[PDB]
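Next up: a single chain in structure tokens, the form deposited in one PDB entry.
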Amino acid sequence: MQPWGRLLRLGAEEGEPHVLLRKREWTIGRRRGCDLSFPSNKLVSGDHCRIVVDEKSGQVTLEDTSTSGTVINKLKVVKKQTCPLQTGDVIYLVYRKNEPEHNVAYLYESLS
């Protein structure tokens, strides 16, 4: 099955290869059976999570099956709408993917 996505391990030595997702379901875990395995990492659950692409809608999802959870850093676009704000979120009044020099970002933190 043709690749619909890829993964790149960050902070790795120069030349880190991409992992191509050529399956409808991609498992990640400490167990050697997973598609992406981390048998020496004690902080990853046996079956930590799975990435799945929907054939019909075309939407990609990640489902956590670990004992402590999976964290995901995400950029959300709020256009003429309301949105929750939690401590740690960064507000970009101006965001440029190509040129972050022009970014105007603010870290929000509650004091309560």
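C-alpha atoms forming the largest set that superposes within 1.5 Å between two forms make up the rigid core. Don't overthink the numbering: it's just position in the shown sequence, from 1.
The following text describes the form deposited in another entry, which does not appear among the structures shown.
Engineer: At a 2 Å cut-off on C-alpha positions, does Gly58 qualify as shifted between this form and the one not shown after fitting the rigid core?
Structural biologist: Stays below the 2 Å threshold, so no.
Engineer: Under a superposition restricted to the rigid core, does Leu7 display a Cα displacement of 2 angstroms or more between this form and the one not shown?
Structural biologist: No, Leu7 moves less than 2 Å.
Engineer: Rigid core superposed, CA of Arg24 - does it shift 2 Å or more between this form and the one not shown?
Structural biologist: After core superposition, the displacement of the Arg24 C-alpha between this form and the one not shown stays below 2 Å, so no.
Engineer: Looking in the other form, decide if the C-alpha atoms of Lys42 and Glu14 are closer or farther than in the form shown; they differ by 3 Å or more.
Structural biologist: Pair moves farther apart in the other form.
Engineer: Mind checking the CA-CA distance of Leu20 and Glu14 in the other form? It differs by 3 Å or more from this form, so is it closer or farther?
Structural biologist: Closer in the other form, by 3 Å or more.
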